[PDB]
Amino acid sequence: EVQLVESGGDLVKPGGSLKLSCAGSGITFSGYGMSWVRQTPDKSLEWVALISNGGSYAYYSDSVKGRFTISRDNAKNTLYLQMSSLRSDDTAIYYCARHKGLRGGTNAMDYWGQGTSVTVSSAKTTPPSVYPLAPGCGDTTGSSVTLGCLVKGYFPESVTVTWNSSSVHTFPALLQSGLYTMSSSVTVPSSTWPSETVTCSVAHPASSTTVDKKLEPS
Amino acid sequence: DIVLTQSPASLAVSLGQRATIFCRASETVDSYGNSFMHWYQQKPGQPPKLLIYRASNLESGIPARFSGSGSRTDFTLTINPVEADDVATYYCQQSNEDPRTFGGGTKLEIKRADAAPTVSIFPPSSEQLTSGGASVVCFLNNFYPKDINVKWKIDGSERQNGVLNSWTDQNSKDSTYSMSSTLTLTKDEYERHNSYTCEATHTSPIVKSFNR
Ligand SMILES: CC(=O)N[C@H]1[C@H](OC[C@H]2O[C@H](OP(=O)(O)O)[C@H](NC(C)=O)[C@@H](O)[C@@H]2O)O[C@H](CO)[C@@H](OP(=O)(O)O)[C@@H]1O
């Protein structure tokens, strides 16, 4: 029943500001230090900041000192990161993490949030177009059939594809012109399609877009 | 600042074998009779997860095949026996001094038998044609090793770009890779040509083709 629920990630203009939140579900932050860490698009992990149990002690990485503020509110079981003077290279997935609470020194980060995505750019939010990828109505098949969804022309990067009907393959997005393109595939037994429903659900939080595409032959 | 260096950057290991990953700190991470080096696992699309705290302590909930050891400046994480499920990037991190720092990561990959891709090709959907664009998509699925080459031929002639190729991470069950190849063109250019072919090499190439 433990989950660290993050919010606030968004597209922001260079020099802009943004506040991230992290609230503990089924877990108490009271009694424990906490950190923020980010994963930049190259997939490296970078420690950002920490804060002690009651908030007496705060420390910042060299890359964010003077621009970011870590704080917490234990009565609301919440951790915050206030970001300001944002620049391009702050673009990253931001995780909150609770520390272990052992005596005898410092502690590892034992519980981590799901990550919230921050993009720093002058470009504008563009929702995705979603196109089905299904074989032709006549086409011979078997034993399995591969289906997919093509997600095209969106910015910023963070989209999630979910299938409802199976091996799902997720292909990382790539930049075409100013916009992102990604695809996802799923493989289903020949006998179960098109008779049984298969749907890809595509979400792009930055534009508040959620698209469900039902896969049909042709 | 304590700088962490991991070795190797990538390590390939067969299922059932012992995998050993190394982390060297630029100065000691020991104090109070403990060593403040911690290890994390990160799988794609998932947050980091704590494996080992304070150099040698297994975190509750983590499989017993993980262990760690070391002191001062040298630390080791051991995965034994390695499972298909362990494909991930593994990080060391120190907390002896603020600012806290991570190592650069070590990718664990599984060594496995060669496998040819299953290839699927998709013409532009009517929806997209209706919109005014045209993308032709090819999936090459469940192949090994990761190094494979894809080429497109349009009416017999090789289209080298407007082509976007993207690989998955290694599959956590069968240890294969998959990739998507997308050829984007104008609707008008799409309809000017007849034959479309996506081809995988690496030779006896595997091919899928259609005609308009
Ligand atoms: C020396 C020590 O305890 N260091 C830990 C450090 O401590 C900061 C601060 O924490 C408490 O203050 P509140 O913030 O008011 O709780 C502590 N007070 C009491 C009553 O214990 C102060 O004495 C102390 O100065 O904080 C960090 C984490 O926040 C610790 O790291 P880990 O979380 O990694 O353990 C560090 O050990």
Side-chain angles (χ1 to χ4, degrees), chain A residues 2-4 6 20-24 26-39 45-66 68-83 94-113, chain B residues 1-4 23 25-42 47-62 68 70-73 75 77 91-103:
Chain A
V2 170
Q3 189 178 331
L4 281 61
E6 299 191 39
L20 312 182
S21 279
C22 166
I27 177 172
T28 195
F29 294 169
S30 182
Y32 301 90
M34 300 198 74
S35 282
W36 286 94
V37 353
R38 68 191 181 180
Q39 186 183 39
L45 288 175
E46 192 188 358
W47 178 83
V48 173
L50 69 76
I51 187 166
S52 64
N53 174 33
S56 296
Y57 177 101
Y59 207 101
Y60 298 93
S61 72
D62 283 326
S63 61
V64 310
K65 65 187 186 188
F68 286 21
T69 308
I70 191 167
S71 59
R72 67 198 289 167
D73 182 345
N74 286 341
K76 288 201 278 219
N77 208 41
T78 304
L79 179 72
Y80 307 94
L81 187 67
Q82 174 70 59
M83 306 169 91
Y94 285 76
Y95 305 101
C96 58
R98 202 198 74 180
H99 293 190
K100 292 181 74 74
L102 301 176
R103 285 177 208 290
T106 59
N107 282 274
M109 291 170 279
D110 57 355
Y111 292 100
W112 293 68
Chain B
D1 291 16
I2 306 184
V3 176
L4 307 188
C23 179
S26 61
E27 37 182 297
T28 182
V29 295
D30 289 3
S31 66
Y32 318 118
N34 255 129
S35 298
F36 297 94
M37 188 67 86
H38 321 293
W39 293 91
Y40 302 84
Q41 179 188 63
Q42 174 158 54
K49 174 163 27 175
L50 180 59
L51 305 170
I52 303 297
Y53 66 93
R54 291 179 174 188
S56 68
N57 309 97
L58 219 218
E59 174 71 0
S60 49
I62 299 301
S71 66
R72 281 177 30 79
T73 70
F75 298 88
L77 174 73
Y91 296 87
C92 60
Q93 175 249 320
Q94 68 79 26
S95 60
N96 200 43
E97 205 185 65
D98 298 343
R100 303 189 184 188
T101 50
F102 288 89

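Computation of the quantities below employed the complete heavy-atom set of this structure, encompassing side-chain atoms and omitting hydrogens, waters and symmetry-equivalent molecules. Remember, it's 1-based here, ligands and their atoms both numbered in the order they're listed. Each chain gets a letter, A, B and so on, in the order the sequences are listed, and its residues count up from 1.
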Ring geometry between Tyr57(A) and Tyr59(A) (parallel below 30°, tilted from 30 to 60°, perpendicular above 60°): parallel

Per-atom contacts, ligand 1 versus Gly55(A) - under 4.0 Å to a heavy atom: 14 (O)

Rounded distance (nearest 0.5 Å) linking atom CZ of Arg54(B) with atom CG of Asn96(B): 11.0 Å

Check: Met37(B) main-chain N/O paired with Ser35(B) side-chain donor or acceptor under 3.5 Å: no

Close-contact set for ligand 1 against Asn107(A) heavy atoms, below 4.0 Å: 32 (P), 34 (O), 35 (O)

Atoms in ligand 1 with a heavy atom of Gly105(A) nearer than 4.0 Å: 35 (O), 37 (O)

Under-4.0 Å heavy-atom contact between protein and atom 19 (C) of ligand 1: no

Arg100(B) contact mode with ligand 1 (heavy-atom cut-off under 4.0 Å): side chain

Donor + acceptor pair across side chains of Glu46(A), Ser61(A) (<3.5 Å): no

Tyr32(A) and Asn107(A): CA distance, side-chain angles, deciding distance, side-chain contact (heavy atoms from CB on, under 4.5 Å) verdict: CA-CA 9 Å; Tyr32(A) 301 90; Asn107(A) 282 274; over 6 Å; no

Parallel, tilted or perpendicular: ring planes of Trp112(A) versus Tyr95(A), cut at 30 and 60 degrees: perpendicular

Pick from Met109(A), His99(A), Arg98(A), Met34(A): the one approaching atom 33 (O) of ligand 1 most closely through a non-hydrogen atom: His99(A)

Contact partition for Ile51(A) relative to ligand 1, non-hydrogen atoms under 4.0 Å: backbone

Atoms in ligand 1 flagged as close to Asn53(A), the criterion being non-hydrogen separation under 4.0 Å: 16 (O), 29 (O)

Residue among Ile51(A), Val64(A), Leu20(A), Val48(A) satisfying side chain to side chain contact (heavy atoms under 4.5 Å, CB included) with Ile70(A): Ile51(A)

Any protein heavy atom < 4.0 Å from atom 3 (O) of ligand 1: no

Nearest protein heavy atom with distance in Å, relative to atom 28 (C) of ligand 1: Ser52(A) CA, 3.8 Å

Close-contact set for ligand 1 against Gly54(A) heavy atoms, below 4.0 Å: 13 (P), 14 (O), 16 (O)

4.0 Å protein heavy-atom contact status of atom 26 (O) of ligand 1, strictly under: yes

NZ/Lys100(A): more than 12 non-hydrogen atoms of other groups inside 6.0 Å: yes

Sole candidate of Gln42(B), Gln93(B), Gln41(B) that passes side chain to side chain contact (heavy atoms under 4.5 Å, CB included) when paired with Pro48(B): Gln42(B)

Heavy-atom protein contact below 4.0 Å for atom 23 (O) of ligand 1: no

Atoms of ligand 1 close to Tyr57(A) [distance to a heavy atom under 4.0 angstrom, numbered from 1]: 8 (C)

Is_contact(atom 10 (O) of ligand 1), protein non-hydrogen, under 4.0 Å: yes

4.0 Å heavy-atom contact, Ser95(B) with ligand 1: no

Enumerated ligand 1 atoms positioned under 4.0 Å from heavy atoms of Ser56(A): 12 (O), 13 (P), 14 (O), 15 (O)

Heteroatom distance test (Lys100(A), ligand 1): nitrogen or oxygen, under 3.5 angstrom: no

